[PDB]
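> In the entry's author numbering, the protein residues as written are 1 to 302. Just so it is clear, CB atoms sit at the ideal spot from N, CA and C, and this is done for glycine as well.
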Amino acid sequence: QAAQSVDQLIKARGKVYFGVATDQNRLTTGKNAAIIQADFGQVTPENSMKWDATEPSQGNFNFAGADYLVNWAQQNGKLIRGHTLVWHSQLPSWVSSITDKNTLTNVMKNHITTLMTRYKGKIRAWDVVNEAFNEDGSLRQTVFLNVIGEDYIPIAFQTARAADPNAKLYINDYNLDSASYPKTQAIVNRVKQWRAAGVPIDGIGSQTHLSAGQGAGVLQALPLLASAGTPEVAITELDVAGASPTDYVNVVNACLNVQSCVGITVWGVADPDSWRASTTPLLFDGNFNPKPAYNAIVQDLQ
Numbered sequence: 001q002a003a004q005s006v007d008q009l010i011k012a013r014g015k016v017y018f019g020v021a022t023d024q025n026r027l028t029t030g031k032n033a034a035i036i037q038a039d040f041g042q043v044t045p046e047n048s049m050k051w052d053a054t055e056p057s058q059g060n061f062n063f064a065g066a067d068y069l070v071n072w073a074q075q076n077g078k079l080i081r082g083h084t085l086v087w088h089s090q091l092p093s094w095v096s097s098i099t100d101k102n103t104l105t106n107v108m109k110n111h112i113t114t115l116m117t118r119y120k121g122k123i124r125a126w127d128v129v130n131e132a133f134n135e136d137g138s139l140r141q142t143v144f145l146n147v148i149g150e151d152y153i154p155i156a157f158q159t160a161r162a163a164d165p166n167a168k169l170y171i172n173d174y175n176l177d178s179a180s181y182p183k184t185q186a187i188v189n190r191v192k193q194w195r196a197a198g199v200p201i202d203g204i205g206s207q208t209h210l211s212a213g214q215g216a217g218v219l220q221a222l223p224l225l226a227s228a229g230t231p232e233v234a235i236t237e238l239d240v241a242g243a244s245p246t247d248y249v250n251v252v253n254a255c256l257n258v259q260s261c262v263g264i265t266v267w268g269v270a271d272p273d274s275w276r277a278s279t280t281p282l283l284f285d286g287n288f289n290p291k292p293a294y295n296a297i298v299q300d301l302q
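Shown next as structure tokens:
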């Protein structure tokens, strides 16, 4: 645990939180729990709330891991972002085997409703639809799009709003880091259109999985995302290859510059546990010590 808390400091700047991804396996090992208790104010389950973990067989739900995280977060006063309801990856074979529209629609709605009701009122925001866009801006052809059609997105959001009206509903994606990139422009246009049609999309989540030097582009991309008119935008899965203080400070500044940016979530605590460990992209090193980038963020926020 670093003496200075980036969550406390970003709250003092007027934002809601600075959080991290975690789960039971991290919370019960090393210094993870201590670091999260002291330096962060929000948690996102890395895997425990995904479809494969929660509904491995239709109608046979498993909430053991999710319950652990939600209870831990509640006891320690941390906000929670549910992740993620509709996604083509980590999807059980029984789902992708369905070719009937009525069936898949009902299965999808039941999955959304069951997960959201269980934690009704305890989840700040949910990543309802994840990675629905192709790099060229068109919609990714997943089983949901192929079987249900474009309406699967409006249906997912309408169903989520009904299950828990307290939660902020997000569409989440990666490679929305450059204002000139087709994907960035497309999600803004589609979200504008969906909201105009009454679809309840409260926020756009930008994963922000960056390579060295890409932080600068976020200074323009984030305000562009905010122009879609959603109540909120957030940096949801931040990590930067090389963990340069320059890239990290640029991302934090981008959020500070955008009124609707509510917070930032970094994807993990210590480098070894990163999904991209070879690029040592996080804020704490292998020995759980804060890295230069962490200190740079603290200094930038003071």
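1) Tell me the rounded alpha-carbon separation between residue 309 and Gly59.
2) Could you give the residue range of the alpha helix (DSSP H) that holds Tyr68?
3) Who are the near neighbours of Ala254 in its chain, counting only those whose CB is closer than 7 Å to its CB and skipping five residues on each side?
4) Is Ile204 helix, strand or coil when you go by DSSP?
5) Take every Cβ of the region 207 to 216, pair it with every Cβ of the region 145 to 156, and state whether three or more of those distances are shorter than 8 Å.
6) What's the C-alpha gap between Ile201 and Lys15?
7) With a threshold of 16 other CB atoms inside 10 Å of the CB of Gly263, please say whether the residue is buried or exposed.
8) Tell me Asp239's beta-bridge partners as DSSP assigns them.
9) What's the gap between the Cα of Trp94 and the Cα of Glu55?
10) Apart from the five residues just before and just after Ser138, which ones in its own chain have a Cβ nearer than 8 Å to its Cβ?
11) Helix or strand or just coil, what does DSSP make of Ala21?
12) Report the three-state DSSP secondary structure of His88 (helix, strand or coil).
13) Is the distance from the Cβ of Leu301 to the Cβ of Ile123 below 8 Å?
14) Name the one or two DSSP bridge partners that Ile80 has.
15) CA-CA distance, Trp275 and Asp127?
16) Closer than 8 Å is the cut-off here; do at least three beta carbon pairs connect the region 21 to 31 with the region 241 to 253?
17) Should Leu145 and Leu115 be called a contact, given that it needs their Cβ atoms to be closer than 8 Å?
18) Apply the 10 Å Cβ neighbour rule to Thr44 and answer buried if 16 or more other Cβ atoms are within range, or exposed otherwise.
19) Return yes when the Cβ of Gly65 is within less than 8 Å of the Cβ of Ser89, no when it is not.
Result, derived from the coordinates:
1) Not covered by the structure: residue 309. The range shown for the chain is 1 to 302.
2) By one-based count along the sequence shown, residue 68 stands at place 68. Start and end: 64 to 75.
3) Within the sequence shown, the letter at position 254 stands for residue 254. Result list for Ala254: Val218, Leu219, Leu222, in chain order.
4) Within the sequence shown, residue 204 is the residue found at index 204, counting from 1. In the structure shown, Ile204 sits in a strand (DSSP, three-state: E or B).
5) no
6) Residue numbering aside, residue 201 sits at position 201 when the sequence shown is read from its first letter. Residue numbering aside, residue 15 sits at position 15 when the sequence shown is read from its first letter. Taking the straight line from one Cα to the other gives about 20 Å.
7) Taking the first residue of the sequence shown as position 1, residue 263 is located at position 263. Under this definition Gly263 is a buried residue.
8) The residue given as residue 239 occupies position 239 in the sequence shown. According to DSSP, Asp239 bridges with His209.
9) Taking the sequence shown and counting its residues from 1, one reaches residue 94 at position 94. Taking the sequence shown and counting its residues from 1, one reaches residue 55 at position 55. Cα-Cα distance, rounded: 10 Å.
10) The residue labelled residue 138 in the question sits at position 138 within the sequence shown. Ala186.
11) Sequence index remark: in the sequence shown, residue 21 carries index 21 (1-based). Reduced to three states, the DSSP call for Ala21 is strand.
12) Mapped onto the sequence shown, residue 88 falls at position 88. Note: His88 maps to coil in three-state DSSP.
13) Along the sequence shown, read from residue 1 onward, the residue named residue 301 stands at position 301. Along the sequence shown, read from residue 1 onward, the residue named residue 123 stands at position 123. Result no, Cβ atoms of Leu301 and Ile123 do not sit closer than 8 Å.
14) One-based indexing of the sequence shown puts residue 80 at position 80. In the DSSP output, where bridge partners are listed per residue, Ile80 has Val43.
15) Along the sequence shown, one-based indexing puts residue 275 at 275. Along the sequence shown, one-based indexing puts residue 127 at 127. Going from the Cα of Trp275 to the Cα of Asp127 covers about 19 Å.
16) no
17) Within the sequence shown, numbered from 1, the residue matching residue 145 stands at position 145. Within the sequence shown, numbered from 1, the residue matching residue 115 stands at position 115. Contact flag unset, no.
18) On the sequence shown, residue 44 is found 44 positions in, with the first residue counted as 1. The residue is buried, with at least 16 neighbouring Cβ atoms inside 10 Å.
19) One-based indexing of the sequence shown puts residue 89 at position 89. One-based indexing of the sequence shown puts residue 65 at position 65. No, Cβ-Cβ distance for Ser89 and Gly65 is not below 8 Å.
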